[PDB]
C-alpha cells in the first residue's frame, strides 16, 4: 500500500487479502485500493451513497461489508443501478444498518450470502428474489420491531422462497411476521422465525422440510411478566397453538428452540418423528406442571441439551422441586438447566431420576431461592463437571452493529475454575459461616466459588478439612480476618487462592494481618488478593516456595513503603519462585530506594499501571536481571532513562501508555538490541532525533505505537517523516490517530501522508 489507512492482511496459502477499515470515519472510499483484495471492510462511516465506479477496477473482491453505515445520521443510503454486476467473483455481501426500503437489484449471480438486517424492508416479492436464485444464506431479520418500528405487518407473497433451491439458512427475527412464508424450500437447513408475532402454526407449514436441522420459534406469545423489554402478550394469554402432527416431516432436526412461548403442555406427539433431536429449549414458559409429568421426555433418547429455565408460576412458592421419573430416559443428556424453578427446600430424593445419567456433566440449579439444601447429597454426582449453587439463598445447616457470525448459539461463560475439574459454584449464597461438617463427603471437589457470600469468619486452618483434593478456592467479596497465619493450612493440594474484595477487615488499623500464611501452602501457584486496600501487615515478609503469580492491585502500598519505614522494603524478597507482579493502582507517588533490591530474583512481569509515579528511577533496574515486561502505563513519569541498555539488559516489553513525556534522550535506544516491544502513545512528545532511534534497533522491533500524541510536523523532523513512510515497523493507527499539531495549516495532517 501507499496511503491506505486500513490494515492489510495477506494469506498466501488461502490466496485471500483482508482490508479492515473499521471505525475510520471515512466520508468516501479512499483511493489506491489494490485490485487483488478479497475481503473489504466498510463498516460505520459517513458514506453518503454507493457508486458503480467504487468497484469498477475491483474484480477479485469476494466479500463486501456495509454493516451499520447509517444508524437511525443523514438520509438513507441510495444504491445506483448495476453497482454490483461487475463483481463476478463476489460470494458474500453484507448490507446491515443501511435503512434500505427495497431489496437492491443487479446483484451478481455468484452471490451466496446476503444480509439485510436493521433495514426498512417490510415487503417480500418474488420479482426481487428472482435474481437471488443462487443465494445460500439470507438474513432479513430485525426489519420491524420495538427498536426499529415500521407500523406495517410483514407481508410475503405466496411461494416467494420456493424458487430459491440453493437456500440453506433463512432468518426473519424481529420482523413482525404473523404467518410463516409458505412454502419454504425443501433444501432449507436452518430456520430462524423467532421473536415474531406468529399466533398459529399450520399442519402443512413444515410439510416439505426434510433437511431442516435448526428451528427457532421464540417470541411467539411470549411471557411478558417482569419483562425488561417491550412486548405484546397474546389474547387471553393463549399459548402458541402448535398441532400434534406438526414436526412429522422433520427427520434431521437437531436443535429446537421454544423459549418464551408461554406453553402449558408438551404433547409427546411433537417428538414422535424427530428421534435425532440434540438441543431442546423450553425456557420462559408455564411448564411448571409439565415438569412434574414430563411425558414427552420418553421420546428423546439422543437429547444433549435441555433447557427449562424460568418456568415459575405467578404468586406460587413451591415447597420443593417436583422432578418427574421420566428424566432417567435422557441417557445422552449432558447439560440440564432448571433455573427459575423457585422452591423452598431441596432434598436428595428429588434428584433420584438424575442419578442414573452417566453422561450428565453440567447441572444448573441457580436462581431458585433454595433455603434448605444438604451439601452431602451431591456425593453421588462425582461424574458431574459443573454444579450450580448460584445466587439462591442456600444457608448452612442448623442444629448488533458489530459481530459477523449473526445467528450463533449462546456461548456458556467459561469460568477459570471449570478447567480444574469438579466445580461447586456457591457464589452469592446465604452462607455467613463455614463448618467442616457441611462440606463433608465432598473430597472430590476440585473447585469452590464463594464470591459475594459476605462471610465474616476468622479461619485458623480447620474449616475446609474435607476439601483435601481442592485446588482452586474463591473467597471474593467476603470479610476475611487474617488474624492467624495458619489459614488455609489444611488445603494441601490448593493451587490458586482468591481473597480479593476483602477490604472490610484490611481497612482497619492496629489489628494483626498475617501476610505470611502462604508458607504453609506448598503447591500454591497463583494468589489473587487485589482490591483489598491493605495498609498494614504484622508479618514483615511473605514466604512462599512455589508462588509464581501474585496480584496486589488496588491496595495501599504507599503507607507500607513510607519514607523512613524500611520494615516492609523486602516484602517480596522471600518469594523465590515469583515471576509476575501486579502492584498497580496503589497511589504510589514515588518509589523509595531499596525496593528493587528486595524484589524477587526471578521477577519477570512487573506492572505499575495507574500508580501516579511522580519520579521513577531507572538506574536501580540493574538489580532485576530477569525483568522483561515492565509496565508503567497511566503514570506521571516525566524523564526517560539516559541509556536503557545500561539500565536493564533483558527488558523487551517496556510500556509507557497514557504518560506525560515531552522529549526523549539522545541515546534512549542505544545498543538496546534486546528490546522487542515499545509503547509511547498518548504522550506529549515533540520530536525524535536520529541518534535516539537507530535503524538497527528498530529493525527487530515487533510492534511500536506512537499514536494519539502531540507530535509536531515541522521542518526539524524530516528524518522522522522519511522514516515513517519508508519502514516496515508495524505502527497501528499510523494515519488515523496520530496527527500533526502544527504549524498553522498542518493541523490534523497525517504523518505518513506528508511530503
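Definition used throughout: the rigid core is the maximal C-alpha set that superposes within 1.5 Å between two forms. Residue numbers count along the first chain shown, from 1.
Relative to the displayed structure, the C-alphas of 659-667 lie farther away on average in 4 other deposited structures of this protein than those of the other candidate, with 659-667 and 136-144 compared after rigid core superposition. Residue 415, present in the displayed chain, goes without coordinates in a third or more of the other PDB entries compared that cover both sides of it. Judged by the one-third criterion across other entries of this protein, residue 204, modelled here, is also modelled in every one of those that cover both its neighbours.
Missing deposited residues between residue 72 and residue 73: 4 to 9, all without coordinates in the entry.
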